[PDB]
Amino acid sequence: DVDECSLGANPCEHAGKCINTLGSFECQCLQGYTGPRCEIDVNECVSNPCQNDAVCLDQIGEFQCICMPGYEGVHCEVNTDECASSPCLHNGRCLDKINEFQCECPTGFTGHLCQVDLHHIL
């Protein structure tokens, strides 16, 4: 028959590699493309890869996640540790939250960061 890969333009879309066969031809697609002639832009978001209510962006051969505040990582799977810098004063114990932290103050101390000393008042 014909070599469809040697007539002129590439019959394979999205820069796929044209491979001649007897009676037809086949396309070797680039990452992110599918179909007999690489016509389809694969939806990389179709398997729901973005966690914790993240927004999935369907791109060429990849997805990108837009994380909700307090989350990070490729799949937004990481709850950022806000306690990392040890923010609680006066031996307060730090509790990690979503884009926030909580201090558990010892008796006689109050405030978000356990700043307020109350021992002198009592």
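Residues carry their position along the shown sequence, with the first being 1.
Between 31 to 39 and 75 to 83, the higher mean Cα B-factor belongs to 31 to 39.
Remark: stretch with higher mean C-alpha B factor among 22 to 30 and 66 to 74 is 22 to 30. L95: CA B factor lies in the lowest third for its chain, per the PDB record. Per the deposited record, the Cα B-factor of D117 falls in the highest third when ranked against the other modelled residues of its chain.
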